[PDB]
């Protein structure tokens, strides 16, 4: 019922000497909409949101370096690595201003880029995004020991790299409805070879939890500082119970952030796109027409 196909012609562009894959549809009339996925997804996660937006706006959805159909160089796949590649991807497309639609680690990339380039951002729609997590008590109990293991020396790489737990297990556990075997094939494909799973493991180790990694905590705090000042139009989707963003936090941010509307998508964990793609895509399209 929720679409499982990926009916988008591949686009490729060389970025720092590495080929990155992206979706590019819609009319080049006006401001393009840049969709940024997180862990462990790809542009596949936007496949049922894009068709609501492409009738009126150009839609661009890259696969992060080391993910999706993009090349897979020997990197640490730290956040800093993703910043370098995403900075250069956006410059390769010869764009000017954009609207961002961002999720999970794609939201850290998007917010950090918007803070450094605010004249180029005409709106941000965001969901289940990277915020500072003061203590492990704010991580959902049902996932807490596993994410602590992900961040434990030796233990975490055995789970994520050798056993592929983030794809086989954490991914479906971040979706309320069951994922199909075709959907799982699309998500599993980039990571069928264990040596290619480094980004799946480095990302949970980059989460800003209880002050560490200090560099991530600092950068995320700084773009949240910017978001609390900037007049940029903001659209916050949120679900219950969520994962990164509990309902109480969405409610706080909908009052504190300027020019922000919050949208309740109903039941949702992390991949809100997979539980209510039609509300998310439809409401982004309505919101775009008011900018």
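Positions refer to the first chain, counted from 1.
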Which is higher on average in the deposited entry, the C-alpha temperature factors of 244-252 or of 226-234? 244-252
Stretch with the greater mean C-alpha B-factor as recorded in the entry, comparing 102-110 against 134-142: 134-142
Please work out which residue in 95, 83, 175, 160 has the highest C-alpha B-factor recorded for this crystal structure. 95
By the entry's C-alpha temperature factors, tell me which of 216, 90, 200, 209 sits highest. 209
Here the Cα B-factor of residue 284, set against its chain, lands in the third termed lowest
Pull the Cα B-factor of residue 258 out of the PDB entry and bin it into the chain's lowest, middle or highest third. highest
Chain third (lowest, middle, highest) by recorded CA B-factor, residue given as residue 204: lowest
Taking the C-alpha B-factors as the PDB entry records them, is residue 65 in the lowest, middle or highest third of its chain? middle
Split the chain's modelled residues into thirds by Cα B-factor; residue 192 lands in the highest
